[PDB]
Amino acid sequence: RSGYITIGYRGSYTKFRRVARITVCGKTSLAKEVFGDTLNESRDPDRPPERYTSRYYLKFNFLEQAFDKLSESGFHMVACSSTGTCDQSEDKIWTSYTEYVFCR
Amino acid sequence: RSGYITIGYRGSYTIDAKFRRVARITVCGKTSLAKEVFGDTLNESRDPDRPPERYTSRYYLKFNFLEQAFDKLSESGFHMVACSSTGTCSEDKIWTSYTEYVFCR
Amino acid sequence: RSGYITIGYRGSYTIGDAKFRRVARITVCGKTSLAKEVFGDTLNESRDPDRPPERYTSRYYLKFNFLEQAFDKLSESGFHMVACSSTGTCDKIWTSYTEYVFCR
Amino acid sequence: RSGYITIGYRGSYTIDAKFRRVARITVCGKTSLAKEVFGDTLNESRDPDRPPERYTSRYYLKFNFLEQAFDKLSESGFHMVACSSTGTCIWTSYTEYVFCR
Amino acid sequence: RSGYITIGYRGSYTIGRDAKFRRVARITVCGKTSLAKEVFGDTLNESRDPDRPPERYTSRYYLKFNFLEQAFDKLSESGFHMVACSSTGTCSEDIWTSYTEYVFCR
Amino acid sequence: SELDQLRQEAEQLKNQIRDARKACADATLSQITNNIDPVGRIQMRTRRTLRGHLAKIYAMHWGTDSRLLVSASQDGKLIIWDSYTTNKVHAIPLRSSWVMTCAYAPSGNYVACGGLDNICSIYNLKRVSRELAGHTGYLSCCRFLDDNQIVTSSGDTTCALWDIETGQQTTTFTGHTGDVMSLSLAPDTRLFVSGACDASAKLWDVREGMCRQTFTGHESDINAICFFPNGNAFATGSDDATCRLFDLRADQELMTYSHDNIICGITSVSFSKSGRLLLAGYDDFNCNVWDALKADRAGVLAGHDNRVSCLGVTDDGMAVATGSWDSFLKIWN
Amino acid sequence: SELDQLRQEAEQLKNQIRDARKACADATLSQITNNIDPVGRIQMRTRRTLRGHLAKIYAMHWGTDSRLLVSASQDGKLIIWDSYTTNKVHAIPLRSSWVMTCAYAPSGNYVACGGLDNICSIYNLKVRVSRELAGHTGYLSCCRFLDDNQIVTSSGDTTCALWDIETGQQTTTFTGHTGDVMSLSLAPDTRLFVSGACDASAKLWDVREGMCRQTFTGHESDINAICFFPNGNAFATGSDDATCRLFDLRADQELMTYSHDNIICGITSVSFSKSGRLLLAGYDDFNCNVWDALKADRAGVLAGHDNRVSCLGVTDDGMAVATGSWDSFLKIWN
Amino acid sequence: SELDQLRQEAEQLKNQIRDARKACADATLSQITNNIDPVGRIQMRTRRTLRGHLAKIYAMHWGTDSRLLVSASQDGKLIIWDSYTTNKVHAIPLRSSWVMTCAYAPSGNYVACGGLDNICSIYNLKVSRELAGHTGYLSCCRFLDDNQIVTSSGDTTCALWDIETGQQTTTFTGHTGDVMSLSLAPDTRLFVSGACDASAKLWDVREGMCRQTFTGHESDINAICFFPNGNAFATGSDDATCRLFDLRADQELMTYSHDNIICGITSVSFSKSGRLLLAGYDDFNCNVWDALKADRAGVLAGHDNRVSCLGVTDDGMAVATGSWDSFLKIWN
Amino acid sequence: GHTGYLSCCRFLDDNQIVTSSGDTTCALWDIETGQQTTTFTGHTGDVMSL
Amino acid sequence: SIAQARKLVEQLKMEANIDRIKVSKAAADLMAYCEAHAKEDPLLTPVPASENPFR
Amino acid sequence: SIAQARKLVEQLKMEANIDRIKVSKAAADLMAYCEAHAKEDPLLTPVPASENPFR
Amino acid sequence: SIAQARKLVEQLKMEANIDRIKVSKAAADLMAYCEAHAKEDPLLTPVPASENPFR
């Protein structure tokens, strides 16, 4: 059952790490396996297993809780990529997207 | 029978829950190996006449799913060694993001 | 005891280029049972001191300001660094966030 | 003969079907290893007289294929250990590639 | 001896008018002070942190030489390995500053 | 060994409280209210738009007559509004343009304000009267007990009861480990609850000056708190995107109010008169109307282009007032 | 069985052509011209500076009288210049400010332009619009007049076209490019024309018969410019790979590659001199490099511009070389 | 292959020259000058501030009378200054706003300038000539006389020009990188050139050949200046160091560097006696080096932007610095 | 004569003033003569205050 | 130091020894309050315009 | 796609069935062209001022 | 290419066959020049104001 899964979050803050939502991306067969009811299939609820997707997210807001579920379902962190750069009258906003790669 | 392959996409976003949007996957490496793992999915439209065993950088994938490309490389004998994302940028701003994915042997 | 923990700091620099790394404070994030394990009484429960073990959190920090001193405690508590991500963007002052991922 | 070598390129982009375009491949490390790995492909133009066993940073490749440079190291006994993206803006882009023992 | 060492530098670039090479102003060495003297010997420049006691962590050392791979090699042959890297880069003729980090383990 | 003994007792006591709270929960609030007919869709509309603030409005406080209200903006001005005619009753220039809170005395004779100046300023409505100093942190919130007493909260992790006549702190409330962002008085003004950056809410005794109960379960800072009309419960807004109703006698969390696609902190919370509706200002520029018993969204108020910074509901429950960083105030009905 | 025969035949035909080209190469252009005394350094200088363009100049095309020239700028204007007196002959407002090419009819009665509007507009000079040639689904990269009634265009839709200006309909459709076609150049007899494209290949087309005859390869990136050698048996291609390549029609292969170390930038335009000994190429590095066609050596450089040189032109009499750039200036070099 | 033989042969000859240079070094400059009383602290001060430049000043060159001087600014103007009265003698508009060098003829009749236009323009003080044919940008130029000028270019070649007519009397080849600067020998028989190949080369002007090649710099050499007697020269570089090389010894005598100076050197100039080596830096300062003892004797900070050029009068009375800031400053 | 920036200064009297600099040295000055009377050396880093 | 961890304990002791009540009863009392006053809450049952100050 | 790949064949057939010539001759013909007309190209051999519109 | 690395060799032969001199003497000759003219250098030995044009 060799495969990959990639998760990421969008951080926007005016201070600890605050994670708005965890996006889970990969093949939908593996995505259902590693995580349980937590996934919110709302955006992509009809994808047949063995067809790839990118539109799921996690009902919980804890990044390492998602990390742990994959390391205890046989995944390991292979790569990471951060892309961050940046409307009020005084201060501005800061968007931040980072990615997390999980293998086999 | 050993080589390096590099795939990547360019993200284009306009501005708050936004998923990863992959316009197209670019495949870069030696043209003999690129054909091997993806077969006819490759679109050699941009660089179709390069002879096998000479390198290229102008190939892209007929599908728009990054993990589908990852799996084909994991089941054709490749491993992920590094990753790099480079994203920077009348009233709304435009987001340009380039990310890269390196695969080994 | 398999788990993931992640630490990070936020850099603040002024420009007006020899400045050394400015480590304001280290943020520690993960499951609260493991966080106490590796760092004992050094972590500061000020922001979230009522968290029950086995429930994840993100609001801890370390009473010391030495990043490699935090690295060493995990290197001989059975952790390894698997990923890193820096998010730095910016007379206005520089703001830079860097992240460090630790496995099992 | 264990050592470190680092290669990198700088992108030139302006305001997608735009492919990776590498203007020059920079080779960085000890000059003794660079000779062995790349032979006559490296261009000693900007640092011709560097003594062997003396480190340098001013060597580039007569060819413009990043994975062709990557492949030469993969069966010259090197492995990819790290990469760093530094991008700011016409668009400047500096990414780095570290190769170990 | 188990431990972590972290090296990095600051890159300043200015381009108004590439063949601009990597120019390293100074190498910063960061970690525990006992290991730092081990791998680098007399190359370390303890100028802004001379009095710290051994076994006490620091962040204020730099290298009398300006060659990254010369620092990389000294650690590869003193039993260290590269675990991670992170670059933080942001910016008439305009100026640009890049910072990069390098993590070395055990 | 001496510090560990006192710690292990604290851990056992925390676990002991954990088991007592679980034994008290036989059922949930959602189960017993399932047969209650939902409120349905109750439409509101902008009946008044208050203009004349030049910067971000950081606070609002209604009057006891359900007409007059005060507002605190980051331009350095306090404006007392007549909500019926939209007439400005008073405009008071502030000595520091950084002001995080305002309060309207129940008698209507005085109004207070404060902020990063670490000072609670009492303004006489019948020029500055009192400046209450001694807080080491910024002043996040204040509420009048009467004209002679006011209760404040500060970024120094301590609250305080003030004697306005003398200008000195009467009773100091300690035991918060983080910045205290908000407070709300009980109906009888004998007790008050406070939210703070330690992700906990605390019920305080005003007379005896000690913490009685401590409520937890929030995953981030609590920026807002409001008492349920009968004084037996309170709701907390937080940066974790959820609103949580706590009950005093039950000494635990009754219900969590949250919905997918709203991933933003809650700046302010206020109950309706009957307590069936819980109103929460959000960072997403909206104001969501929650069913207190059913935990469902009964409506939304979007009149603002920036986040809603403060809310209020009149004692008669006739109108809902919102305020935001877009410098406008809106009275909803 | 029908697909199996046709698939294997395509592979064999590709291999047959590859082997035929290799057998034809006994020697190279650099070998036979090594004994030729080099031209040396023949200096040019700015004799005219044309001002009055307010934005990036995307194209230029000389007139057949070696006097008048047209320029296309992204401000939305075409300006006809008198190169001797630097007087503005005409200023024509464009309905679309995005214009990637311009052309000057050999008779001088008409001028064409096009761009991201996907339209070739024919302007009558004897100034308002006359014809709007539509039907190209991509942007207009280049166009050249055959005569007053016919014009050949290239587009980003991978197709070239022959146009009947009278009726406004495409006469012959060219469908053999697999990538965006950036440029085209007519043969001396206007029977044939070659086109560079984003597929890193050049294709010789028959105008009458409307089919690709030969296909030239070897470029590593998009081909942005193409120009015929004076006798019509050869052509040069500018590309994003920093090299210019001379191809021969009879040999059906690459004769020579023009490149130099430290030049890492694309070529926007290429044009031969009258005798064909000098090949001039506009570059993105703000310069214009003068190449020796026979010896493959750089004989000089023209840097008058503050921004990248977008287009080149050489008069039919070969007296002057005109450059244009994003710096809003045109420069006539001698 | 044939290139591998030439590579291995060329490298071996490099080792032969390196070992000959090592056998020649019995002692060092620092050893023999250790007993020499140090210069001490020589205090200077800004005595004149030349205003009226509207953009970055990229070059300066003194006159032979130690009175007039020329300046090249990126506003597109050349200004001849009277350093005594601070009066502008001449203002010459340039056709190219990008100008990297200027030169003042020893007779004072002519002045030259050049830059990204790849043209050396000779201006008559009583445009005259445009010297073309350089394939790279014009980095530096120095007048031999009214009829001859020596230039350096980014095409890796230097050149001797006949100003009257004709071009490139003698072409100097063999640099593998852009030639950033040049300095003439006192007798104008020879000249040395620094370049981006981290090497300096001694050239014969008459015979048109490279005699010696000096190395040891770790980055581009942006500046070069002859020692007053013509037997030595100093080089500024992007490696933060200034290095004094000797012609007869054919090796590096001394390195001028400091742990706290981590920035490139745009310009170098000796004092009249040669004891002081002046270097313009990118850190907005100008450091005064003791040539014999390799110690910092002082600093000149009058400028808010990086110091682009230096000059010292033939009589040695004043030191002029120039920077990217509008102002130009005469020190003493 | 200070090779680093001047971080701080304090008057002893009208004729003498003590300075600190980023060149790691302090100094005692005679203001009339303009020369350093007593030079204070031994700091290994930039001297911010005195 | 020691004074601080002793005061925290004495606080938690008070927090534990308190008369707790079952959620079932609490909720019943809350739910009944809401229905008691549901007619007195204008935000639930809108009022007439003549009875509306803001109309 | 069989109709489509059969037209591609007829294309390659045209490219293959051509009378090719030796590079040696091609170059010789170009080289001889350049010298033939080398005196008529002002960009190599400058013209007199009287013959120069721009000077 | 090959012609270019062959000229570099012919250069190095010329660079090698030169009369080298010991640093000891070179430096001695420089040092002695410096002291000869050290009094003629106003940047080392300041001049009087009456003798300073910039006064």
# chains A, B, ... in the order shown; residues from 1 in each chain; ligands from 1
>>> residues_around(residues="segment 80-93 of chain D", least_positions_apart="6", cutoff="8 Å", atoms="only C-alpha atoms", output="PDB file with N, CA and C atoms, in the first residue's frame")
ATOM      1  N   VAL B  81      14.133  13.558  -1.691  1.00  0.00           N
ATOM      2  CA  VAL B  81      15.300  13.953  -0.921  1.00  0.00           C
ATOM      3  C   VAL B  81      15.235  15.402  -0.442  1.00  0.00           C
ATOM      4  N   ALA B  82      14.505  16.278  -1.133  1.00  0.00           N
ATOM      5  CA  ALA B  82      14.478  17.688  -0.760  1.00  0.00           C
ATOM      6  C   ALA B  82      13.245  18.352  -1.357  1.00  0.00           C
ATOM      7  N   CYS B  83      12.907  19.518  -0.807  1.00  0.00           N
ATOM      8  CA  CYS B  83      11.795  20.325  -1.291  1.00  0.00           C
ATOM      9  C   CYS B  83      12.092  21.799  -1.051  1.00  0.00           C
ATOM     10  N   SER B  84      11.605  22.643  -1.962  1.00  0.00           N
ATOM     11  CA  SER B  84      11.808  24.085  -1.862  1.00  0.00           C
ATOM     12  C   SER B  84      10.618  24.827  -2.453  1.00  0.00           C
ATOM     13  N   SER B  85      10.040  25.736  -1.670  1.00  0.00           N
ATOM     14  CA  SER B  85       8.964  26.609  -2.127  1.00  0.00           C
ATOM     15  C   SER B  85       9.483  28.039  -2.216  1.00  0.00           C
ATOM     16  N   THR B  86       9.208  28.706  -3.337  1.00  0.00           N
ATOM     17  CA  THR B  86       9.564  30.115  -3.518  1.00  0.00           C
ATOM     18  C   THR B  86       8.309  30.887  -3.926  1.00  0.00           C
ATOM     19  N   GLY B  87       7.671  31.542  -2.960  1.00  0.00           N
ATOM     20  CA  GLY B  87       6.493  32.347  -3.229  1.00  0.00           C
ATOM     21  C   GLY B  87       6.650  33.760  -2.702  1.00  0.00           C
ATOM     22  N   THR B  88       6.558  34.773  -3.562  1.00  0.00           N
ATOM     23  CA  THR B  88       6.580  36.147  -3.079  1.00  0.00           C
ATOM     24  C   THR B  88       5.718  37.015  -3.990  1.00  0.00           C
ATOM     25  N   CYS B  89       5.245  38.130  -3.425  1.00  0.00           N
ATOM     26  CA  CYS B  89       4.424  39.152  -4.083  1.00  0.00           C
ATOM     27  C   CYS B  89       3.827  40.085  -3.035  1.00  0.00           C
TER      28      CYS B  89
ATOM     29  N   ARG D  10      20.152  31.104  -9.935  1.00  0.00           N
ATOM     30  CA  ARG D  10      19.329  32.286  -9.696  1.00  0.00           C
ATOM     31  C   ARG D  10      18.345  32.472 -10.843  1.00  0.00           C
ATOM     32  N   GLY D  11      17.052  32.502 -10.517  1.00  0.00           N
ATOM     33  CA  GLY D  11      16.011  32.650 -11.524  1.00  0.00           C
ATOM     34  C   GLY D  11      15.711  34.093 -11.910  1.00  0.00           C
ATOM     35  N   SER D  12      15.358  34.277 -13.183  1.00  0.00           N
ATOM     36  CA  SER D  12      14.981  35.575 -13.749  1.00  0.00           C
ATOM     37  C   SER D  12      13.548  35.484 -14.275  1.00  0.00           C
ATOM     38  N   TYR D  13      12.576  35.905 -13.467  1.00  0.00           N
ATOM     39  CA  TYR D  13      11.164  35.831 -13.824  1.00  0.00           C
ATOM     40  C   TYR D  13      10.524  37.211 -13.788  1.00  0.00           C
ATOM     41  N   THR D  14       9.529  37.408 -14.656  1.00  0.00           N
ATOM     42  CA  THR D  14       8.802  38.666 -14.760  1.00  0.00           C
ATOM     43  C   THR D  14       7.318  38.374 -14.943  1.00  0.00           C
ATOM     44  N   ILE D  15       6.487  39.346 -14.569  1.00  0.00           N
ATOM     45  CA  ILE D  15       5.043  39.245 -14.761  1.00  0.00           C
ATOM     46  C   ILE D  15       4.701  39.412 -16.241  1.00  0.00           C
ATOM     47  N   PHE D  99      25.202  19.014  -1.150  1.00  0.00           N
ATOM     48  CA  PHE D  99      25.576  17.636  -1.434  1.00  0.00           C
ATOM     49  C   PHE D  99      26.659  17.185  -0.463  1.00  0.00           C
ATOM     50  N   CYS D 100      26.456  16.009   0.129  1.00  0.00           N
ATOM     51  CA  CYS D 100      27.273  15.490   1.215  1.00  0.00           C
ATOM     52  C   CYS D 100      27.981  14.197   0.844  1.00  0.00           C
TER      53      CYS D 100
ATOM     54  N   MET E  82      24.305  16.961   8.356  1.00  0.00           N
ATOM     55  CA  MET E  82      23.393  18.048   8.059  1.00  0.00           C
ATOM     56  C   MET E  82      21.960  17.545   8.121  1.00  0.00           C
ATOM     57  N   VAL E  83      21.171  18.140   9.014  1.00  0.00           N
ATOM     58  CA  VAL E  83      19.813  17.677   9.252  1.00  0.00           C
ATOM     59  C   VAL E  83      18.742  18.583   8.640  1.00  0.00           C
ATOM     60  N   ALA E  84      18.992  19.882   8.530  1.00  0.00           N
ATOM     61  CA  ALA E  84      17.949  20.780   8.044  1.00  0.00           C
ATOM     62  C   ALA E  84      18.589  22.073   7.560  1.00  0.00           C
ATOM     63  N   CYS E  85      17.808  22.839   6.809  1.00  0.00           N
ATOM     64  CA  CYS E  85      18.221  24.149   6.339  1.00  0.00           C
ATOM     65  C   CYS E  85      16.994  25.029   6.193  1.00  0.00           C
ATOM     66  N   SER E  86      17.190  26.318   6.445  1.00  0.00           N
ATOM     67  CA  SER E  86      16.106  27.284   6.363  1.00  0.00           C
ATOM     68  C   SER E  86      16.693  28.623   5.947  1.00  0.00           C
ATOM     69  N   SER E  87      16.148  29.203   4.880  1.00  0.00           N
ATOM     70  CA  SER E  87      16.517  30.539   4.434  1.00  0.00           C
ATOM     71  C   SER E  87      15.370  31.516   4.638  1.00  0.00           C
ATOM     72  N   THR E  88      15.699  32.707   5.123  1.00  0.00           N
ATOM     73  CA  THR E  88      14.726  33.775   5.335  1.00  0.00           C
ATOM     74  C   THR E  88      15.202  34.991   4.548  1.00  0.00           C
ATOM     75  N   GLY E  89      14.550  35.261   3.419  1.00  0.00           N
ATOM     76  CA  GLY E  89      14.962  36.361   2.566  1.00  0.00           C
ATOM     77  C   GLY E  89      13.904  37.402   2.264  1.00  0.00           C
ATOM     78  N   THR E  90      14.234  38.677   2.484  1.00  0.00           N
ATOM     79  CA  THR E  90      13.338  39.791   2.195  1.00  0.00           C
ATOM     80  C   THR E  90      14.170  41.020   1.862  1.00  0.00           C
ATOM     81  N   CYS E  91      13.528  41.978   1.202  1.00  0.00           N
ATOM     82  CA  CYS E  91      14.187  43.221   0.818  1.00  0.00           C
ATOM     83  C   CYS E  91      13.338  44.438   1.176  1.00  0.00           C
ATOM     84  N   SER E  98      19.579  38.415   2.662  1.00  0.00           N
ATOM     85  CA  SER E  98      19.162  37.026   2.796  1.00  0.00           C
ATOM     86  C   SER E  98      19.842  36.366   3.987  1.00  0.00           C
ATOM     87  N   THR E 100      20.356  32.554   5.968  1.00  0.00           N
ATOM     88  CA  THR E 100      20.204  31.115   5.792  1.00  0.00           C
ATOM     89  C   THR E 100      20.751  30.424   7.029  1.00  0.00           C
TER      90      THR E 100
END
>>> residues_around(residues="residue 25 of chain H", least_positions_apart="2", cutoff="12 Å", atoms="only C-alpha atoms", output="compact mmCIF listing (two decimals) with C-alpha atoms, in the first residue's frame")
# COMPACT_ATOMS: atom_id res chain seq x y z
CA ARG H 18 54.30 28.81 -6.69
CA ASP H 19 57.37 26.95 -5.42
CA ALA H 20 59.70 29.56 -6.92
CA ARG H 21 57.70 32.24 -5.08
CA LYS H 22 57.94 30.24 -1.84
CA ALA H 23 61.71 29.81 -2.13
CA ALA H 27 61.01 36.85 5.48
CA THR H 28 57.89 39.01 5.38
CA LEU H 29 57.14 42.72 5.21
CA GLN H 31 58.91 41.17 10.14
CA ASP H 246 55.66 43.57 -5.28
CA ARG H 248 60.33 42.18 -8.40
CA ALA H 249 59.29 39.65 -5.75
CA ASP H 250 56.34 38.55 -7.93
CA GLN H 251 54.21 37.69 -4.90
CA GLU H 252 52.01 39.09 -2.14
CA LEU H 253 53.93 41.13 0.43
CA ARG L 20 62.92 36.70 -8.92
CA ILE L 21 64.18 38.60 -5.87
CA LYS L 22 63.89 37.85 -2.16
CA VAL L 23 61.08 39.52 -0.21
CA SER L 24 63.73 40.61 2.32
CA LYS L 25 65.32 42.83 -0.33
CA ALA L 26 62.08 43.99 -2.00
CA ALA L 27 60.66 45.12 1.35
>>> select_by_dssp(residues="chain B", states="strand (DSSP E or B)", output="VMD selection string")
chain B and resid 4 to 14 26 to 30 42 to 43 55 to 61 79 to 87 94 to 104
>>> closest_residue(among="G:90, G:126, G:204, G:307", to="chain E", atoms="only C-alpha atoms")
G:307
>>> residues_around(residues="segment 65-78 of chain C", least_positions_apart="4", cutoff="12 Å", atoms="only C-alpha atoms", output="ChimeraX atom specification")
/C:1-10,21-28,34-40,42-43,61,98-104 /E:1-7,29-33,35-36,55-60,83,103-106
>>> closest_residue(among="H:123, H:143, H:110, H:214", to="chain D", atoms="only C-alpha atoms")
H:214
>>> residues_around(residues="residue 2 of chain D", least_positions_apart="3", cutoff="8 Å", atoms="only C-alpha atoms", output="ChimeraX atom specification")
/D:100-101 /E:73,76-77
>>> write_last_selection(atoms="N, CA and C atoms", output="CSV table (one decimal), in the first residue's frame")
chain,number,residue,atom,x,y,z
D,100,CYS,N,26.5,16.0,0.1
D,100,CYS,CA,27.3,15.5,1.2
D,100,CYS,C,28.0,14.2,0.8
D,101,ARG,N,29.0,13.9,1.7
D,101,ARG,CA,30.0,12.9,1.4
D,101,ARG,C,29.9,12.0,0.2
E,73,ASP,N,32.8,21.0,5.8
E,73,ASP,CA,33.7,19.8,5.8
E,73,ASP,C,34.3,19.5,7.2
E,76,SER,N,31.9,17.5,8.9
E,76,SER,CA,31.6,16.2,8.3
E,76,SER,C,32.7,15.2,8.7
E,77,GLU,N,33.9,15.7,9.0
E,77,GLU,CA,35.0,14.9,9.5
E,77,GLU,C,35.3,15.0,11.0
>>> calpha_fit_rmsd(fixed="chain L", moving="chain K")
1.0 Å
>>> atom_distance(atom1="atom CA of residue 145 of chain G", atom2="atom CA of residue 55 of chain G")
25.7 Å
>>> closest_residue(among="F:273, F:127, F:21, F:190", to="residue 208 of chain F", atoms="only C-alpha atoms")
F:190
>>> interface_residues(of="chain H", to="chain C", cutoff="12 Å", atoms="only C-alpha atoms", output="list in words")
residues 259, 260, 261, 262, 263, 283 and 304 of chain H
>>> residues_around(residues="residue 20 of chain A", least_positions_apart="2", cutoff="7 Å", atoms="only C-alpha atoms", output="short mmCIF file (atom, residue, chain, number, x, y, z; two decimals) with C-alpha atoms, in the first residue's frame")
data_model
loop_
_atom_site.label_atom_id
_atom_site.label_comp_id
_atom_site.auth_asym_id
_atom_site.auth_seq_id
_atom_site.Cartn_x
_atom_site.Cartn_y
_atom_site.Cartn_z
CA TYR A 9 -2.16 24.87 6.99
CA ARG A 10 -2.83 28.54 6.24
CA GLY A 11 -1.53 30.84 8.97
CA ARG A 18 -2.21 29.71 15.27
CA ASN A 61 -7.06 22.20 14.67
CA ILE F 263 -12.28 30.08 11.66
#
>>> closest_atom_pairs(of="chain D", to="chain H", cutoff="8 Å", atoms="only C-alpha atoms", output="tab-separated table")
residue	atom	partner	partner_atom	distance
D:45	CA	H:176	CA	5.3
D:46	CA	H:197	CA	4.4
D:47	CA	H:197	CA	5.2
D:48	CA	H:197	CA	6.9
D:49	CA	H:215	CA	7.3
D:56	CA	H:218	CA	7.8
>>> atom_distance(atom1="atom CA of residue 47 of chain B", atom2="atom CA of residue 8 of chain D")
24.0 Å
>>> residues_around(residues="residue 22 of chain E", least_positions_apart="4", cutoff="9 Å", atoms="only C-alpha atoms", output="list in words")
residues 26, 28, 57 and 58 of chain D; 11 of chain E
>>> write_last_selection(atoms="N, CA, C and O atoms", output="PDB file, in the first residue's frame")
ATOM      1  N   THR D  26      25.828  27.561 -10.434  1.00  0.00           N
ATOM      2  CA  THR D  26      27.019  27.845  -9.649  1.00  0.00           C
ATOM      3  C   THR D  26      27.456  26.614  -8.872  1.00  0.00           C
ATOM      4  O   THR D  26      26.636  25.924  -8.265  1.00  0.00           O
ATOM      5  N   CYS D  28      29.931  25.279  -5.828  1.00  0.00           N
ATOM      6  CA  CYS D  28      30.564  25.849  -4.653  1.00  0.00           C
ATOM      7  C   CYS D  28      31.019  24.730  -3.728  1.00  0.00           C
ATOM      8  O   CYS D  28      30.253  23.806  -3.437  1.00  0.00           O
ATOM      9  N   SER D  57      34.213  29.563  -4.307  1.00  0.00           N
ATOM     10  CA  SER D  57      32.781  29.778  -4.488  1.00  0.00           C
ATOM     11  C   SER D  57      32.460  30.399  -5.844  1.00  0.00           C
ATOM     12  O   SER D  57      31.364  30.947  -6.013  1.00  0.00           O
ATOM     13  N   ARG D  58      33.376  30.335  -6.801  1.00  0.00           N
ATOM     14  CA  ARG D  58      33.330  31.130  -8.017  1.00  0.00           C
ATOM     15  C   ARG D  58      33.475  30.235  -9.243  1.00  0.00           C
ATOM     16  O   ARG D  58      34.144  30.584 -10.218  1.00  0.00           O
TER      17      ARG D  58
ATOM     18  N   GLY E  11      23.239  37.330   4.034  1.00  0.00           N
ATOM     19  CA  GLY E  11      23.653  37.675   2.687  1.00  0.00           C
ATOM     20  C   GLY E  11      23.046  39.020   2.337  1.00  0.00           C
ATOM     21  O   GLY E  11      21.823  39.163   2.390  1.00  0.00           O
TER      22      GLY E  11
END
>>> closest_atom_pairs(of="chain I", to="chain E", cutoff="9 Å", atoms="only C-alpha atoms", output="CSV")
residue,atom,partner,partner_atom,distance
I:44,CA,E:47,CA,5.5
I:45,CA,E:48,CA,5.6
I:46,CA,E:48,CA,8.6
>>> write_last_selection(atoms="N, CA and C atoms", output="PDB file, in the first residue's frame")
ATOM      1  N   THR I  44      36.905  43.577  24.083  1.00  0.00           N
ATOM      2  CA  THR I  44      36.910  42.749  22.884  1.00  0.00           C
ATOM      3  C   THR I  44      35.704  42.987  21.983  1.00  0.00           C
ATOM      4  N   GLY I  45      34.845  43.953  22.315  1.00  0.00           N
ATOM      5  CA  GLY I  45      33.674  44.237  21.510  1.00  0.00           C
ATOM      6  C   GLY I  45      33.337  45.711  21.565  1.00  0.00           C
ATOM      7  N   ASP I  46      32.379  46.105  20.727  1.00  0.00           N
ATOM      8  CA  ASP I  46      31.974  47.503  20.661  1.00  0.00           C
ATOM      9  C   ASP I  46      31.497  47.981  22.026  1.00  0.00           C
TER      10      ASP I  46
END
>>> atom_distance(atom1="atom CA of residue 46 of chain C", atom2="atom CA of residue 177 of chain F")
5.3 Å
>>> residues_around(residues="residue 38 of chain A", least_positions_apart="2", cutoff="9 Å", atoms="only C-alpha atoms", output="list in words")
residues 35, 36, 40, 57, 58, 59 and 60 of chain A
>>> select_by_dssp(residues="segment 12-41 of chain K", states="alpha helix (DSSP H)", output="list in words")
residues 12, 13, 14, 15, 16, 23, 24, 25, 26, 27, 28, 29, 30, 31, 32, 33, 34, 35, 36 and 37 of chain K
